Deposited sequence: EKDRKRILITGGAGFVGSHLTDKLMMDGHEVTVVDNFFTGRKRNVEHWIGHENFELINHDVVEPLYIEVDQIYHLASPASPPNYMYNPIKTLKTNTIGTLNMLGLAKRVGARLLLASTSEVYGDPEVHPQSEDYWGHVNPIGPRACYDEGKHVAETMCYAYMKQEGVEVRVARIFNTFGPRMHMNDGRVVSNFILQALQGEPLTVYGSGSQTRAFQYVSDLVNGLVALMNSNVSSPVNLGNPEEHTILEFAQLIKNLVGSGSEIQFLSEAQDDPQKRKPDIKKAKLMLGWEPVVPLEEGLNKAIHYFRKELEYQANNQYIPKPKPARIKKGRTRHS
């Protein structure tokens, strides 16, 4: 069992990763500045002997002894984002260099500051021999996700839950636990080249509208880049195993829980 640091672990993906790593009995250190993260996503672990929550900004230098580093800190405010993606990543690479820790960069499918984040990691690998991992994350959904990210899956759930009409090409979405398995898979693998972590199983916009409507139980009216993971299938033995129905239900539950709290 290892000492793991998770930047942005108080967010959507980070908190779910935090759950799994705590379950495996690791010393998880979460660093978050709560810009888009919430203390609530990890508050169940506050007090636990192997967990620690630090209100810290990755733009500011951080000095801790850890074994692994999941760098997931990246949020409207373009300057703060650019500084986080660059100065923040440089710092985590500096920290991994100083304490001899492995760093996984949570990059994005949008690379087809995140682009230069990949490069910075490879700059430290090529030059300072820092063990790096680069995951190219595609569209991900689930509990604790940002409800108003304007994305097509979130809108349909919201509109369905409030009885509003569902206002309406293919979309690929993966459940968050799939991604979390993928990150952990990649982290402990020996693949240092970039790896696509997304769900290649696509569905049309209308198909999601019709599926979510049924799963919610609403009387709402309907008005008027596919991820290739053959590398992950082969190098990691990884693929999404959580069915669309099971994942959507857990997410619908979370949204439902949140909307009732705002009344």
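Residues 1-3, 79-85, 123-149, 206-210, 267-276, 316-336 of the deposited sequence have no C-alpha coordinates in the structure.
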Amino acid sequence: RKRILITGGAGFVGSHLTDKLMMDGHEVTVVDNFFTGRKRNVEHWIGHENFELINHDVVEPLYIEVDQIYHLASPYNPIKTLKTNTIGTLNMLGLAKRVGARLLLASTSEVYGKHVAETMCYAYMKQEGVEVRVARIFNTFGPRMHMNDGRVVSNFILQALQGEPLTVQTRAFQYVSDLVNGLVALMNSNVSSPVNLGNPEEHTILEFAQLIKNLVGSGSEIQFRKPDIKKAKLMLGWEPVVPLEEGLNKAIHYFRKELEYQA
From here on, numbers count along this sequence of modelled residues.
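Per-stretch averaging of Cα B factors for 135-143 and 158-166 places 158-166 on top. The mean C-alpha temperature factor is higher for 201-209 when 201-209 and 58-66 are set side by side. When the Cα B-factors of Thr119, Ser107, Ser189, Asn85 are read from the PDB record, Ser189 comes out highest.
For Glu49, the recorded CA B-factor ranks within the highest third of the chain. Only modelled residues enter the ranking. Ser218: CA B factor in the highest third of modelled residues in this chain (values from the PDB entry). Ranked against the other modelled residues of its chain, the C-alpha B-factor of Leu21 as given in the entry falls in the middle third. In the PDB entry, a CA B factor belonging to the highest third of its chain's modelled residues is recorded for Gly237. For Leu5, the recorded CA B-factor ranks within the middle third of the chain. Only modelled residues enter the ranking.
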